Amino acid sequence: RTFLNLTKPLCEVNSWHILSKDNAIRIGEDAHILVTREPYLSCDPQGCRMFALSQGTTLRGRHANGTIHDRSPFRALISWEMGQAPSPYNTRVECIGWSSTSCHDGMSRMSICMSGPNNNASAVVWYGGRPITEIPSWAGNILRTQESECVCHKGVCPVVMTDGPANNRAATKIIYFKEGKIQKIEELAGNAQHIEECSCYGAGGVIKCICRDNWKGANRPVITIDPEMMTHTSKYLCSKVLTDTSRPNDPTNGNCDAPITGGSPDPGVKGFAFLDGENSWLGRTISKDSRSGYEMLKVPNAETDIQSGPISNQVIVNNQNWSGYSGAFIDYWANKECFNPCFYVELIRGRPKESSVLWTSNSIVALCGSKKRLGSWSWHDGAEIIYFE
C-alpha cells in the first residue's frame, strides 16, 4: 500500500449508472435497522463502504421517537459494507458525535466526529481506528464539518470545518491532516460568504469542495484546494443554474463572486457538483422549495460561465418522492485511467415532511458516471409510510 496521489483526470460522464441502494426503511419496517441521517459513502483500496450518523436506536424501537433532533450524546458515525442496511449487527463505530467526515489516504482511514454541547463542542480525529488529535470549538457555536468524505493527496487530507452562526457570518477553517495530525490550519479566504457541509473530490492534483451557503446564496460556494501548497481560494458556482434548496427561479445570469439570494422557506441543503469544463454536472432537488426529487444536470462550464445552462438531464428521484442531502465520492483505487465521479442521495423519511410517524431517518442510493447514454428510472426510498402508522 502507498499514499493516494490525485494524478488522474476525471472520467468523461454522459449519464449515471446505479452503484448501490440499501432500502433501509423498507427493510427496517421489520428487521433491526438503526435510525440514521447524514449518510455518505467512502472507498479504500479494498472497496467502498456506506457511512451515516446513527441516532443510537432502531427504527421500530420506542427511542426512534424524537429523532428529528440533530444533536445528542447517543449519535455516532457508523460504517458498513456497501449495499447492506445499517443494523446493530453489521455496523462499525468510527467515532462518537453528531457531525462527521472520513477518507482513506491509501494507507489507513481518517475519521472525524464532533460532539458536545452547542457552546462547547470538540472534534476527535481518528486514524487507523485510533484517536490521534482533538480540536476544541473556536467560536462556541456548533463546531461542525462536511457530512461526506474528505480527499487525500500524498498523505495530506484537507477538511473543511465551520464554527459559528448558521444564519450569519461564521468562522470556517481548512485543516490539513496527515496520519491524523494537524499539518496546517487556514482561515477561509476569498469570495464565499458562508460555508457548510462541503462535498469534495480530487482530480489532476486539485481538490474541489462544493458547499452550502446557509446565510445568503442559492448558488453554491466552491472552495478550490491545493493539497501540496496547502492553500485555497473560494467563490461561487458561476452558472445561472441554482442548486441549493430553497432557491428562486434560475436568473438570466449567475454570479461567480457573490451569492444569488432568494427562495423560500429554507436556507440550504448539503449538495455537490463535479466541475471539469465541458464535463460538468450539477445535482439538485427537483423542487425549488422542498427536499423532494433529485436531478443531475450536465452544464458545460458551470464553474466559469454565468450564462451556462443544462444540455442534458437525468432524474434520479422523481418529484413525488423525498430526497435530502447529497454528496460526492470517488473510488480512487479503481482499475481505470481516470477518476470516475460518484454521488449519493440521502432519502429522508418521516419528520418533518411525514408527520404521521414520530421519527426521522433515511435510506441511501448511490450512482457513478458512465460514458454511455444509459436509460434511467427513479430510485426513491420505496417504503410505505402507512405501514409505520
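Sequential numbering from 1, following the sequence displayed.
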{"property": "Mean C-alpha temperature factor, higher of 222-230 and 145-153", "result": "222-230"}
{"property": "Residue range whose averaged C-alpha B-factor is higher in the record, 93-101 or 182-190", "result": "182-190"}
{"property": "Peak C-alpha temperature factor (PDB record), options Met110, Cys113, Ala139, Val159", "result": "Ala139"}
{"property": "Out of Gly283, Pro73, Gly83, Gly164, highest CA B-factor residue", "result": "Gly164"}
{"property": "Where the record places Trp215 (Cα B-factor, split into thirds across the chain)", "result": "highest"}
{"property": "CA B-factor placement of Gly106, once the chain's modelled residues are sorted into thirds", "result": "middle"}
{"property": "Chain-relative CA temperature factor third for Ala334", "result": "highest"}
{"property": "Within-chain third of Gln46 by Cα B-factor, per the entry", "result": "highest"}
{"property": "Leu77 - Cα temperature factor, lowest/middle/highest third of chain", "result": "lowest"}
